[PDB]
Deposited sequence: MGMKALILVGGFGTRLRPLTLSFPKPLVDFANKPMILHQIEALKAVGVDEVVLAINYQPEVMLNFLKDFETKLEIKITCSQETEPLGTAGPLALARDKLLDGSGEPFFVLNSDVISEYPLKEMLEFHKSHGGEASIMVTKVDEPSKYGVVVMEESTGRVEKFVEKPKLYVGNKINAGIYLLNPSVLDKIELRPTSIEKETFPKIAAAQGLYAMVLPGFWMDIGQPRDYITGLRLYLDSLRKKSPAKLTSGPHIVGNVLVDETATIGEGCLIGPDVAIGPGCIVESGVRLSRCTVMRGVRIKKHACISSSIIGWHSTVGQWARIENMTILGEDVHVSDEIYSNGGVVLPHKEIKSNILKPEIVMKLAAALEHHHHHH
């Protein structure tokens, strides 16, 4: 059984984090983004995973090479030449997805986080004997996504419309399970899976949708990255609560790597992820933030609703809030305030950053 992960490019919308590591390698909840999906694929018996990418794969071959041996799984890159769309790279990796076993393959959107009930999706797939299965989840604004109108009891989808006028409340969750026959409806040309391939399969009465249990989020923009960690950590509390840390210094759900250190007098939480090798000194306040590998938060600093990149340094009594994104190896001096700062890697912040909402929503004029 095979799987393909639609990655895309390096990730412009996630700068300055993606100036150091490509989109699938950026840490989410203390492990590289791509590992959340590769681990879920291995759990259901996938033996090879193809990364449909846009860039030179040498930059991430060192990362995957250890995870290949560690997870006992094969990872190959399928770099495209020209923009092939969302169904194009499915045909560019036709030789890698079809081994002759006749078994279906998974297709995952790399920007999507969920619980991945792939085992239940596999038995759902065999039950209806259809050509393609897709996961669906409800949202409040089904207009920024692609609505899947479907019939109950069977799950057969009736149409796959994109950028719709309320046509339904279920949307494509970016988790596909496709039979080998799907690859016959895709040419080796730029083609869109949501506009062409899925409507065809629905017309042939062979497209089925399964309601996705649990959380779902498309972490494209860093604002959704903060919301994504909250939903993930809530899922972790329900499935395996012992993986979250607790104590008098903890409020809500906090995920601390085993090699991180927390000094006395801290107040960490809610919705905080502290990466490996981190040093949180005394009297630090962290909330709704991601602290990546190897950063140091000095005494009495207060970080909220922000993302501190790898190997950054936050000075004593520094105050970081309101979606501040620090790149790799950013040094924030003592007693500095940052509101909405977006700092390129390796920079030293010696002056305050003042980009509040009232400031930005007033500079429009």
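Engineer: Which regions of the deposited sequence are unaccounted for in the modelled residues, listed N- to C-terminal?
Structural biologist: Unmodelled stretches: 1-2, 167, 369-376.
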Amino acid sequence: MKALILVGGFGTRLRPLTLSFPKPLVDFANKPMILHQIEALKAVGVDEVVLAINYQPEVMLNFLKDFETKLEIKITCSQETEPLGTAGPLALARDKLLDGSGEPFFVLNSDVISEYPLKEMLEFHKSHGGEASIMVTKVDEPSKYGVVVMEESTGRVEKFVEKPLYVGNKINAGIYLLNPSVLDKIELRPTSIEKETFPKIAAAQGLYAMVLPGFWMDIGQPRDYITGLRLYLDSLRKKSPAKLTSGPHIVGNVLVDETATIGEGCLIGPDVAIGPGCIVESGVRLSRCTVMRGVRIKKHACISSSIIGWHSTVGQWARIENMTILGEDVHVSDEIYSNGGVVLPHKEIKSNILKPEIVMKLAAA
From here on, numbers count along this sequence of modelled residues.
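Engineer: When the Cα temperature factors in the entry are averaged, is it 229-237 or 154-162 that ends up higher?
Structural biologist: Between 229-237 and 154-162, it is 154-162 that shows the higher mean C-alpha B-factor.
Engineer: Decide which of the stretches 280-288 and 119-127 has the higher mean C-alpha B-factor, going by the entry.
Structural biologist: Averaged over C-alpha atoms, the B-factors run higher in 119-127.
Engineer: Among the choices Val211, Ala173, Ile113, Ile201, identify the one whose CA B-factor in the record is greatest.
Structural biologist: Largest recorded C-alpha B-factor: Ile201.
Engineer: Looking at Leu98, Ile193, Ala273, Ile75, which has the highest CA B-factor as recorded?
Structural biologist: By C-alpha B-factor in the record, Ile193 ranks first.
Engineer: Report the third (lowest, middle or highest) to which the CA temperature factor of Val26 belongs, ranking only the modelled residues of the same chain.
Structural biologist: It falls in the bottom third of the chain.
Engineer: Which third of the chain does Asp140 land in by C-alpha B-factor: lowest, middle or highest?
Structural biologist: Top third by C-alpha B-factor.
Engineer: By its CA B factor, does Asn322 count among the lowest, middle or highest third of the modelled residues in the chain?
Structural biologist: Within its chain, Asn322 is a middle-third residue by C-alpha B-factor, going by the deposited values.
Engineer: Of the three thirds of its chain by CA temperature factor, lowest, middle or highest, which one includes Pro356?
Structural biologist: Highest third.
Engineer: Please rank the C-alpha B-factors of the chain's modelled residues and tell me whether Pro248 sits in the lowest, middle or highest third.
Structural biologist: Within its chain, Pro248 is a middle-third residue by C-alpha B-factor, going by the deposited values.
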